[PDB]
Each structure stands twice: as C-alpha cells, then as structure tokens.
Amino acid sequence: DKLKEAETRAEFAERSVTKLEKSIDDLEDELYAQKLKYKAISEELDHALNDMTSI
Amino acid sequence: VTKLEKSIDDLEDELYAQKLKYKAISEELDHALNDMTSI
C-alpha cells in the first residue's frame, strides 16, 4: 500500500520537473537571444555615439 | 558634424576677411583707372 502511494507521487513529481525544465529551457533560450540582440545594439551604440562626437 | 562645423566657421571667417580686403582694392581701382584716363 505504501507503494502505490510512493510510486504515484513520484510520477507526479517527475511530470512537474519535466514541465519546469521545459519552461527553464524556453526562458534561458529566449535569453541568449535577448542578451545577444543587445551586444549588437549597445555596440552599434558606442559606434553611433562616436561618429557624431567626431562629425 | 563638429569637424565640419569647425571647418564652416573657419571658411565663413576667412571670408568676410576676403570680401572686405576687396572693397578696398576695387575702390582703389575706380580711382586708379580715373586719373590715367585724365592724364
């Protein structure tokens, strides 16, 4: 009896971990996409502040 | 822009200097053409 209970709950904990792991990979990927989409606009920036201080 | 603005002020100033350095030689001129037509 202790068994049916330990196993059923293990299955629910595993379903919840795979759900949360799937949501961590989407946020961490949406991420390097944001973190990188920036190095580009902040670098396009030191550049686009340097040429008008020069022109 | 700061480079070209600096070059516009130097040319515009070199300018009123040229434009004025002349009124003087063109006026020294109507004069220095009139006396030899007279002599």
# chains A, B, ... in the order shown; residues from 1 in each chain; ligands from 1
call {"tool": "interface_residues", "arguments": {"of": "chain A", "to": "chain B", "cutoff": "10 Å", "atoms": "only C-alpha atoms", "output": "list in words"}}
result
residues 51, 52, 53, 54 and 55 of chain A
call {"tool": "write_last_selection", "arguments": {"atoms": "C-alpha atoms", "output": "PDB file, in the first residue's frame"}}
result
ATOM      1  CA  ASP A  51      30.846  59.271 -35.179  1.00  0.00           C
ATOM      2  CA  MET A  52      28.644  62.377 -34.120  1.00  0.00           C
ATOM      3  CA  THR A  53      31.181  63.389 -31.489  1.00  0.00           C
ATOM      4  CA  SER A  54      33.582  63.276 -34.494  1.00  0.00           C
ATOM      5  CA  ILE A  55      31.459  64.783 -37.361  1.00  0.00           C
TER       6      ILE A  55
END
call {"tool": "atom_distance", "arguments": {"atom1": "CA of residue 31 in chain A", "atom2": "CA of residue 16 in chain A"}}
result
22.4 Å
